[PDB]
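Trainee: Questions regarding the structure given below will be posed in turn.
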Number of protein chains: 4
Amino acid sequence: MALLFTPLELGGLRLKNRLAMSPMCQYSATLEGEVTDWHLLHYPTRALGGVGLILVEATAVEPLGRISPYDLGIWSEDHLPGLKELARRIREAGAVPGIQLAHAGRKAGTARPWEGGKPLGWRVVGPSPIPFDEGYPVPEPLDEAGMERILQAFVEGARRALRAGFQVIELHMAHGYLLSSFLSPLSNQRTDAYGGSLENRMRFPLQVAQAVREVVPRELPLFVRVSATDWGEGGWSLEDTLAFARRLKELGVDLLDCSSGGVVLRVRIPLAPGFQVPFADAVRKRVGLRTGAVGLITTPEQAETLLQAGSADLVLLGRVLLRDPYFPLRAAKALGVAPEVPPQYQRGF
Amino acid sequence: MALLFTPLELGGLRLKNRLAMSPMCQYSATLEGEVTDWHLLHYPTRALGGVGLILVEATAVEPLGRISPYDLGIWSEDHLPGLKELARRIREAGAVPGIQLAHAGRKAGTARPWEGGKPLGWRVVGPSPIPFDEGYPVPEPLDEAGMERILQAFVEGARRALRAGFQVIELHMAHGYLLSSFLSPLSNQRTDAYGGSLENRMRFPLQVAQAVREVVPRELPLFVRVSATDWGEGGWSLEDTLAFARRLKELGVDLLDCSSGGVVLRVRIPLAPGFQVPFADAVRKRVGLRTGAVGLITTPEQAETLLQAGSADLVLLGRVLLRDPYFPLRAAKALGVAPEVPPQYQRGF
Amino acid sequence: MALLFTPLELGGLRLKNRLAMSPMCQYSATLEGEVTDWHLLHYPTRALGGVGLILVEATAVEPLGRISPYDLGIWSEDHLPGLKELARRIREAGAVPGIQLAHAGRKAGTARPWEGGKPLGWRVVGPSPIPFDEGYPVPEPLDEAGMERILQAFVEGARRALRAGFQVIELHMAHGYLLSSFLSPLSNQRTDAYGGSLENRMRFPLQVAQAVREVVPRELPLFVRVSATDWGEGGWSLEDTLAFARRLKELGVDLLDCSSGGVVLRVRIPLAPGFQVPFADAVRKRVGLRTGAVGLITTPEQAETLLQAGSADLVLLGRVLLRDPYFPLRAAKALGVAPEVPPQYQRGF
Amino acid sequence: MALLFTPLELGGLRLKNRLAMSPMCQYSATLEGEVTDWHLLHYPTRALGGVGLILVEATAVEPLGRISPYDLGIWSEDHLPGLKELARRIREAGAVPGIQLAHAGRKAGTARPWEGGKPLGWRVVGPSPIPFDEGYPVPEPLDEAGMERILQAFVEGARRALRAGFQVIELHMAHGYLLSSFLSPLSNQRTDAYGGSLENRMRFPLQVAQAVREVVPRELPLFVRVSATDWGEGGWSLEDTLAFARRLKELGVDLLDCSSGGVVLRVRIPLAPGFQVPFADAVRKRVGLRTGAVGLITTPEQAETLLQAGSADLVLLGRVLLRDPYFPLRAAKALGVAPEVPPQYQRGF
Ligand SMILES: Cc1cc2nc3c(=O)[nH]c(=O)nc-3n(C[C@H](O)[C@H](O)[C@H](O)COP(=O)(O)O)c2cc1C
Ligand SMILES: Cc1cc2nc3c(=O)[nH]c(=O)nc-3n(C[C@H](O)[C@H](O)[C@H](O)COP(=O)(O)O)c2cc1C
Ligand SMILES: Cc1cc2nc3c(=O)[nH]c(=O)nc-3n(C[C@H](O)[C@H](O)[C@H](O)COP(=O)(O)O)c2cc1C
Ligand SMILES: Cc1cc2nc3c(=O)[nH]c(=O)nc-3n(C[C@H](O)[C@H](O)[C@H](O)COP(=O)(O)O)c2cc1C
């Protein structure tokens, strides 16, 4: 009896446990956005490490939607060989391969975090002409053709992702990037049908979700990651998230990946173990939409407990899998579950 | 920001953190129910260990309500000097002293667990003439005068506890003992006003809660511990617990301590970390009564997460404090919280 | 097969395991040096925690030999009732009671560490008129009658300790206190028979060891604690410790407790797990005298390994038992050894 | 101050820390002994995991010297491309690549451990016609031409290893395989110059060591792994190991890797944390030959402690790196050492 290691039915899939690798940018792609040797070592290692699902890092649906010049990309058919080999190796190592589709919006074009992370001066786009912070380029507000172009890029990115062998698609609608910035009034001050009211701010994000859902068969889960709150005064709140989650549920979205923050910088975030679990909890229990919990989950007993409480269906792990890629194998034993480990390693367990 | 070590306002008290020592029978009293040297070492150790609240083990309100011949008792003024010294030493070591008033019902009169735990053949009482299991005496069904006698014993037990300096009173209405056995239909098959319907099965337990609430001033929390489910087919369920909780809330009970099981033996209990947290979560969120979570909570991150999720207001620890009495001190440091340790020990932290 | 939990024959005793509580000043005695309620809780807690031996903190053989005005003392028959109760409670909780006899020398008369730790200006004594550091009183150099007086105080302290029921006696000859300061040339610049050469600097410490050995029966181990090095240029070194150890062995000392430092302040101490184990290892293997290892031992595997290596016969734990008094109970389980825990606690293991 | 993470000078190299990956057969080579995708994921993962040195698994110097049909081989120039890519990837991931050269001797030709491990009936060779156990083929005793052939195979294997880019060579002279079986009298009952006396039994093993040393430049360390004891009555003992180690030292061997057992089955091995550390300790301190310690080392504090004690120069880790490949990165932090982690992972530390 450990829910953490009990299969999870999502869409038409059965994940072998409730542990997923959270998407984590590695900033190690080529300038063309191609998979490199780094990702082919990085991701299969965690697959052997025991997660039932790996969500590959934010992958830009167009070059202007990248965070860094070394982000993975999926805007071109020439990304398919590298991406396909990535999903193959993840699957061969025992995990279901998924990928997060993303568009950095007004936060596009920054240096690698360990190279300063400074803006590069790209012609970034967003809902309204408001820069992210000091020194960031002023985003060019999108017109209806621009939004349609990016929507089609998300659609083609999903089609490409499926051709590559990925079986879970997450739309990155969080952390102050393009679609997250349309939701929040701190970054969306538009006066047309796509800003102002809650219904208007959700309009373009829900169009993208609907369009992608239509090209992803029901058997393959479609995730949506959101910042359940932007932690800003008068900004996007949990009640807004619940309203947004109800609409995603009606469109056929399979699971809401509940993160927070990122819309603006100078806001206090009450960091603590499980500090975003209440967001996954509220959505799941008040809307009826499956949720993924993420945020300072580092312990087997902690992960099992939030599942026991009904706060989420899926536990996503980020930083603990950077420093302990085999955490799932050893977590099973910690919970009294015989770990399914590679035969080459059975003598180590 | 670690909710686990943020003070908790309960009634007129401020507990210095959200950690409590769960009531744990020691089977080390005298034959007259007196505090001994064992308790005077056992409990202060855990108060120095850093819990904000210590719930002293099940203390019998009448001799026939004891589990073992070596249970703590509170049926006599003769118990007051030892209980007063116990509360003084707990408080001297930094924790708020509390105590669980109990009546073992049809499970009364068994040997110490490490001495066979076999029934002793007492003239035990219960709701219905049904033995707990093979070899147990058949309970004598209580009449209305008998229930009133035990109710008054709970009232006098509470008054005595307060004179002794205890500031939190918990009523043991869980684990198949007297009041638990009235709640569950597996043990209560009465056809009068105190069995059959849910309202009838709650009647005597609620009468006790109200009578005790009347003699416990508002500043001092009144807890009630319940088996949120008995895990038996057609037995006491979470929905029943919610109904029971709404009635306790109206009576002025401060907090529901959510355990499970113990009513009958041959039931499958899905043990796992936090497996009883969903019961505290449901009561808290759907009734609005504060709850205490307990059951295989062993880790600081796990305990912090369930508080961040809103599943409980208080985390109760049992077995982890038997093997690791200073867990709270080291748990603070693990959460980035400067521990408030005895000056004699600062060099160890 | 876990040497850590294999009995240890010392003198006429059998310690039930190779774990001991290292002596740790509590600064909680009365102004007359009496045992208080603090010690009576502090020490039995660790005996229940599973150590086979408890060495009670440095206990001053004369008022002027105290570190603080709140040190334990043993210079009076008036100390016997409290010390006897301390040993009884330690033994009642399963551990052999031992005690460290001490004389603070030129570091005598300082405030409690959490009360500034500043010197109080006592008429302290030492080998040479050299203050420990800025602000400390200049020690009055002892004459032969003065050393004989302190030697007799150590003898009467040992006799008193034995009457109180202590079964292991350790002589504190480390950490810059009186006898340590005679050993080290950084504190001892005498030109008579008790300074200069190594033989001269060992003379008074060895006289004390021999005098105490004479009044401690062979069945009860006599320990000596030493700073195996003072970490100062041209100071007391490991080779000196080996010479000192050979002399202690010939006198009948049972075990050398190998610490370091404390003679002067401005020295670089290479702190790291097990950093003093090489000193216990060298003494044990090159002199053949049993040794106790101490210093940043915090883990069962670490403690078991140094015993498997033959670096020591006894593992002494200090600060880890301040924050985790039940470490030995949980350490047994971690080494595949069924722990022998109080029956009241079996359900926690 | 953590010796575990202080550079180690060996031969002409400087390893960046004192942690090495012990050689661990993966049984995942082709039937031709070629490196496969498994090793190219398995080994670089541990290199990123932080070890300063990786000793690649037992690699057979001739097909008959293999343990399984899926062992790595080095008997052919066609092994060089795969082996060279393996060492390149290890080095690119930050670790020095080394390789263990081996000959299974009378234990050659067994199935994979997770496929029964049963003998296959190969024409195995050994010192004397004594089978390993029931069902094992009777080894054909080597003649002087056969020993010379295997010696030359070790020499050519070393030359090939160096051509491939390996900078540390270990000769596998332990665990009852060919050269280990020449040392022990349980398996060597020869009546010529290569059995009987200690000098005779060491003869062929020392010829191999000398021959390999001559083709490995002094700048590149040459290790020799031995079973310091066979745990058998009248068998190879620690005193024999010391005599053998003195001769290896005079030949120019850089480090003795101290294991145990494997010569025969039915012997009791006192398994415990650090149980082979006393062998590395005795060799290092009584012979003056650098040693590697291995055997149930799982903890940073444990590893640091045996280095502090002078029991070994190098800590080798086996099974802990199968279940926790990034142990070295997290061990550094546990010891107060800023870990050198890949920039992509800095946010996880
Ligand atoms: C290096 C790094 C890269 C990340 N990249 C992404 C990303 O591309 N998309 C995303 O939604 N979240 C990203 N995150 C956030 C994590 O996915 C996760 O939501 C967050 O770090 C909290 O989870 P954790 O505490 O387990 O790490 C990243 C985090 C880190 C540390
Ligand atoms: C030895 C022992 C005695 C206990 N005594 C009581 C008790 O007297 N009253 C009660 O309500 N629960 C009692 N319990 C149950 C615990 O208080 C707690 O609810 C349960 O053990 C689950 O919490 P845990 O996993 O942290 O131990 C006892 C448990 C143990 C192991
Ligand atoms: C509060 C405290 C009091 C101590 N008192 C003594 C003492 O009275 N006599 C002594 O020889 N060592 C004393 N020590 C040193 C310890 O006994 C022990 O040798 C040292 O702390 C290193 O061991 P550890 O790392 O396990 O704590 C004391 C240490 C502390 C932290
Ligand atoms: C799967 C496995 C394969 C091993 N292969 C080898 C080997 O090829 N050569 C060798 O000398 N030791 C081998 N060993 C023994 C280890 O290298 C190591 O000496 C031993 O397991 C004790 O170290 P540990 O407790 O850290 O695992 C192997 C051990 C395991 C579990």
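We label chains A, B, ... in the order they appear in the structure tokens, count residues from 1 in each chain, and number ligands from 1 in the order shown.
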Could you pull the residues within 7 Å of stretch 25-32 of chain C, counting only C-alpha atoms, minus those fewer than 5 positions along the same chain, as a PDB file with N, CA and C atoms, in the first residue's frame?

Mentor:
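Once everything was written out, this is part10.pdb:
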```
ATOM      1  N   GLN B 344      21.728  24.613  27.593  1.00  0.00           N
ATOM      2  CA  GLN B 344      22.677  23.533  27.819  1.00  0.00           C
ATOM      3  C   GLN B 344      23.004  22.765  26.543  1.00  0.00           C
TER       4      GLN B 344
ATOM      5  N   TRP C  38      17.981  19.047  36.652  1.00  0.00           N
ATOM      6  CA  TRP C  38      18.424  19.031  35.263  1.00  0.00           C
ATOM      7  C   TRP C  38      19.212  17.763  34.956  1.00  0.00           C
ATOM      8  N   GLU C  57      29.606  14.539  33.304  1.00  0.00           N
ATOM      9  CA  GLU C  57      30.424  15.702  32.988  1.00  0.00           C
ATOM     10  C   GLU C  57      31.557  15.933  33.979  1.00  0.00           C
ATOM     11  N   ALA C  58      32.542  16.731  33.563  1.00  0.00           N
ATOM     12  CA  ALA C  58      33.638  17.153  34.428  1.00  0.00           C
ATOM     13  C   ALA C  58      33.124  17.610  35.787  1.00  0.00           C
ATOM     14  N   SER C  68      32.851  26.687  35.958  1.00  0.00           N
ATOM     15  CA  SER C  68      31.817  27.662  36.258  1.00  0.00           C
ATOM     16  C   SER C  68      31.347  27.523  37.699  1.00  0.00           C
ATOM     17  N   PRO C  69      30.702  28.557  38.249  1.00  0.00           N
ATOM     18  CA  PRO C  69      30.096  28.421  39.582  1.00  0.00           C
ATOM     19  C   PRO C  69      28.947  27.428  39.630  1.00  0.00           C
ATOM     20  N   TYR C  70      28.545  26.856  38.493  1.00  0.00           N
ATOM     21  CA  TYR C  70      27.453  25.891  38.438  1.00  0.00           C
ATOM     22  C   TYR C  70      27.924  24.519  37.969  1.00  0.00           C
ATOM     23  N   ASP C  71      29.209  24.219  38.142  1.00  0.00           N
ATOM     24  CA  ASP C  71      29.731  22.896  37.835  1.00  0.00           C
ATOM     25  C   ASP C  71      29.317  21.899  38.908  1.00  0.00           C
ATOM     26  N   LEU C  72      29.193  20.637  38.505  1.00  0.00           N
ATOM     27  CA  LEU C  72      29.138  19.565  39.484  1.00  0.00           C
ATOM     28  C   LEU C  72      30.437  19.533  40.283  1.00  0.00           C
ATOM     29  N   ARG C 112      29.016  30.909  32.691  1.00  0.00           N
ATOM     30  CA  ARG C 112      28.367  29.933  31.823  1.00  0.00           C
ATOM     31  C   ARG C 112      28.501  30.371  30.365  1.00  0.00           C
TER      32      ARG C 112
END
```

Trainee: When the cut-off is 7 Å and you count only C-alpha atoms and all ligand atoms, which residues lie near ligand 4, shown as a ChimeraX atom specification?

Mentor: /A:344-345,347-348 /D:22-26,57-58,172,174,225,259,294-298,316-320

Trainee: Next, the residues of the selection above should be written as a PDB file, in the first residue's frame with N, CA and C atoms.

Mentor:
```
ATOM      1  N   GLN A 344      21.144  -5.235 -13.752  1.00  0.00           N
ATOM      2  CA  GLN A 344      22.535  -4.893 -13.480  1.00  0.00           C
ATOM      3  C   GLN A 344      22.727  -4.267 -12.104  1.00  0.00           C
ATOM      4  N   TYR A 345      21.664  -3.733 -11.501  1.00  0.00           N
ATOM      5  CA  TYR A 345      21.756  -2.999 -10.246  1.00  0.00           C
ATOM      6  C   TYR A 345      21.093  -3.711  -9.074  1.00  0.00           C
ATOM      7  N   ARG A 347      21.882  -5.999  -7.139  1.00  0.00           N
ATOM      8  CA  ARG A 347      22.744  -6.244  -5.989  1.00  0.00           C
ATOM      9  C   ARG A 347      22.995  -4.985  -5.168  1.00  0.00           C
ATOM     10  N   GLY A 348      22.637  -3.815  -5.683  1.00  0.00           N
ATOM     11  CA  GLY A 348      22.736  -2.587  -4.931  1.00  0.00           C
ATOM     12  C   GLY A 348      21.489  -2.240  -4.153  1.00  0.00           C
TER      13      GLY A 348
ATOM     14  N   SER D  22      34.247   1.651  -7.524  1.00  0.00           N
ATOM     15  CA  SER D  22      34.788   0.305  -7.547  1.00  0.00           C
ATOM     16  C   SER D  22      34.380  -0.396  -8.841  1.00  0.00           C
ATOM     17  N   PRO D  23      35.218  -1.299  -9.355  1.00  0.00           N
ATOM     18  CA  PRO D  23      34.842  -2.035 -10.570  1.00  0.00           C
ATOM     19  C   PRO D  23      33.636  -2.925 -10.314  1.00  0.00           C
ATOM     20  N   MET D  24      32.634  -2.828 -11.191  1.00  0.00           N
ATOM     21  CA  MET D  24      31.412  -3.617 -11.035  1.00  0.00           C
ATOM     22  C   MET D  24      30.949  -4.134 -12.390  1.00  0.00           C
ATOM     23  N   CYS D  25      31.135  -5.437 -12.605  1.00  0.00           N
ATOM     24  CA  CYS D  25      30.650  -6.097 -13.807  1.00  0.00           C
ATOM     25  C   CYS D  25      29.188  -5.761 -14.057  1.00  0.00           C
ATOM     26  N   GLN D  26      28.889  -5.393 -15.299  1.00  0.00           N
ATOM     27  CA  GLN D  26      27.533  -5.092 -15.725  1.00  0.00           C
ATOM     28  C   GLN D  26      26.932  -6.181 -16.599  1.00  0.00           C
ATOM     29  N   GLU D  57      34.705  -2.027 -14.862  1.00  0.00           N
ATOM     30  CA  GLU D  57      34.549  -3.409 -14.434  1.00  0.00           C
ATOM     31  C   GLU D  57      35.630  -4.350 -14.947  1.00  0.00           C
ATOM     32  N   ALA D  58      35.782  -5.487 -14.268  1.00  0.00           N
ATOM     33  CA  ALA D  58      36.663  -6.563 -14.698  1.00  0.00           C
ATOM     34  C   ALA D  58      36.556  -6.807 -16.197  1.00  0.00           C
ATOM     35  N   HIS D 172      43.344  -7.465 -11.476  1.00  0.00           N
ATOM     36  CA  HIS D 172      42.385  -8.170 -10.632  1.00  0.00           C
ATOM     37  C   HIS D 172      43.036  -9.448 -10.125  1.00  0.00           C
ATOM     38  N   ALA D 174      42.138 -10.886  -7.083  1.00  0.00           N
ATOM     39  CA  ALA D 174      41.302 -11.158  -5.923  1.00  0.00           C
ATOM     40  C   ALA D 174      40.133 -12.055  -6.309  1.00  0.00           C
ATOM     41  N   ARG D 225      44.418  -5.335  -6.996  1.00  0.00           N
ATOM     42  CA  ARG D 225      43.351  -5.713  -6.080  1.00  0.00           C
ATOM     43  C   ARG D 225      43.579  -7.147  -5.626  1.00  0.00           C
ATOM     44  N   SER D 259      40.349  -6.084  -0.996  1.00  0.00           N
ATOM     45  CA  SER D 259      39.085  -6.793  -0.881  1.00  0.00           C
ATOM     46  C   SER D 259      39.316  -8.087  -0.089  1.00  0.00           C
ATOM     47  N   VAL D 294      37.553  -0.601   0.599  1.00  0.00           N
ATOM     48  CA  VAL D 294      36.296  -0.923  -0.064  1.00  0.00           C
ATOM     49  C   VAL D 294      35.565  -1.934   0.802  1.00  0.00           C
ATOM     50  N   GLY D 295      34.235  -1.911   0.736  1.00  0.00           N
ATOM     51  CA  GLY D 295      33.423  -2.861   1.470  1.00  0.00           C
ATOM     52  C   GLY D 295      32.436  -2.207   2.415  1.00  0.00           C
ATOM     53  N   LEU D 296      31.209  -1.999   1.942  1.00  0.00           N
ATOM     54  CA  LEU D 296      30.134  -1.437   2.761  1.00  0.00           C
ATOM     55  C   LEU D 296      30.506  -0.054   3.294  1.00  0.00           C
ATOM     56  N   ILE D 297      31.078   0.773   2.427  1.00  0.00           N
ATOM     57  CA  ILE D 297      31.256   2.195   2.692  1.00  0.00           C
ATOM     58  C   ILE D 297      30.134   2.926   1.970  1.00  0.00           C
ATOM     59  N   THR D 298      29.272   3.593   2.738  1.00  0.00           N
ATOM     60  CA  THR D 298      28.026   4.129   2.215  1.00  0.00           C
ATOM     61  C   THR D 298      27.745   5.560   2.648  1.00  0.00           C
ATOM     62  N   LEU D 316      36.956   3.491  -2.184  1.00  0.00           N
ATOM     63  CA  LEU D 316      36.274   2.917  -3.336  1.00  0.00           C
ATOM     64  C   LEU D 316      34.836   2.591  -2.957  1.00  0.00           C
ATOM     65  N   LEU D 317      33.900   2.988  -3.815  1.00  0.00           N
ATOM     66  CA  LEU D 317      32.478   2.776  -3.586  1.00  0.00           C
ATOM     67  C   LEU D 317      31.915   1.881  -4.676  1.00  0.00           C
ATOM     68  N   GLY D 318      31.180   0.855  -4.269  1.00  0.00           N
ATOM     69  CA  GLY D 318      30.526  -0.020  -5.215  1.00  0.00           C
ATOM     70  C   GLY D 318      29.024   0.161  -5.220  1.00  0.00           C
ATOM     71  N   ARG D 319      28.334  -0.613  -4.380  1.00  0.00           N
ATOM     72  CA  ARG D 319      26.884  -0.731  -4.489  1.00  0.00           C
ATOM     73  C   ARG D 319      26.164   0.587  -4.230  1.00  0.00           C
ATOM     74  N   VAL D 320      26.725   1.466  -3.396  1.00  0.00           N
ATOM     75  CA  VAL D 320      26.044   2.734  -3.143  1.00  0.00           C
ATOM     76  C   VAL D 320      25.950   3.550  -4.425  1.00  0.00           C
TER      77      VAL D 320
END
```

Trainee: Any idea what's packed within 6 Å of residue D:168, counting only C-alpha atoms, ignoring anything in its chain fewer than 5 positions away? Could you give it as a VMD selection string?

Mentor: chain D and resid 98 220 to 221

Trainee: Using DSSP assignments from the backbone, pull out every residue in stretch 65-212 of chain A that falls under strand (DSSP E) and give it to me as a list in words.

Mentor: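 Listing strand (DSSP E) positions across stretch 65-212 of chain A yields residues 96, 97, 98, 99, 100, 101, 102, 125, 126, 140, 141, 168, 169, 170, 171, 172 and 173 of chain A.
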
Trainee: In Å to one decimal, how far is atom CA of residue D:323 from atom CA of residue D:263?

Mentor: 27.4 Å

Trainee: Which residues come within 10 Å of residue C:282, counting only C-alpha atoms, excluding same-chain residues fewer than 3 positions away, as a PyMOL selection string?

Mentor: (chain C and resi 238-239+241-242+277-279+285-289+291+310-312) or (chain D and resi 309-310)

Trainee: Do a neighbour search on stretch 74-84 of chain A at 6 Å with only C-alpha atoms, toss out local chain neighbours closer than 5 positions, and write the hits as a ChimeraX atom specification.

Mentor: /A:34-35,61-62,157,164

Trainee: Print the selection's residues with C-alpha atoms to a file, as a short mmCIF file (atom, residue, chain, number, x, y, z; two decimals), in the first residue's frame.

Mentor:
```cif
data_model
loop_
_atom_site.label_atom_id
_atom_site.label_comp_id
_atom_site.auth_asym_id
_atom_site.auth_seq_id
_atom_site.Cartn_x
_atom_site.Cartn_y
_atom_site.Cartn_z
CA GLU A 34 18.64 20.63 -31.46
CA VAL A 35 18.99 17.87 -28.89
CA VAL A 61 7.39 26.54 -30.54
CA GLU A 62 9.17 29.35 -32.42
CA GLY A 157 4.63 21.76 -32.09
CA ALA A 164 8.58 12.20 -32.34
#
```

Trainee: What lies within 9 Å of residue D:126 using only C-alpha atoms, ignoring chain neighbours under 5 positions off, as a PyMOL selection string?

Mentor: chain D and resi 105-107+138-142+177-179+181-182+187-188

Trainee: Can you check which residues of chain D have any atom within 6 Å of chain C? Use only C-alpha atoms and format it as a count of residues only.

Mentor: 10

Trainee: Kindly give the distance, in Å, that separates atom CA of residue B:53 and atom CA of residue B:20, rounded to a single decimal.

Mentor: 4.6 Å

Trainee: Would you list the contacts of residue D:91 as a PyMOL selection string, taking every protein, DNA or RNA residue within 9 Å and counting only C-alpha atoms, but skipping same-chain residues closer than 6 positions in sequence?

Mentor: chain D and resi 44+47+97

Trainee: When you draw a straight line from atom CA of residue B:96 to atom 2 (C, counted along the ligand's line) of ligand 3, how long is it in Å?

Mentor: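 Those two atoms sit 28.2 Å apart.
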
Trainee: Check stretch 220-287 of chain D with DSSP on the backbone and list each residue it calls helix (DSSP H, G or I), as a ChimeraX atom specification.

Mentor: /D:238-251,277-287

Trainee: Pick the closest to residue A:63 from A:111, A:4, A:102, A:293: which is it, counting only C-alpha atoms?

Mentor: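 That would be A:102, the residue with the smallest distance to residue A:63.
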
Trainee: Which residue out of D:346, D:103, D:158, D:339 has the minimum interatomic distance to ligand 1 when only C-alpha atoms and all ligand atoms are used?

Mentor: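 Ranking D:346, D:103, D:158, D:339 by distance to ligand 1, first place goes to D:346.
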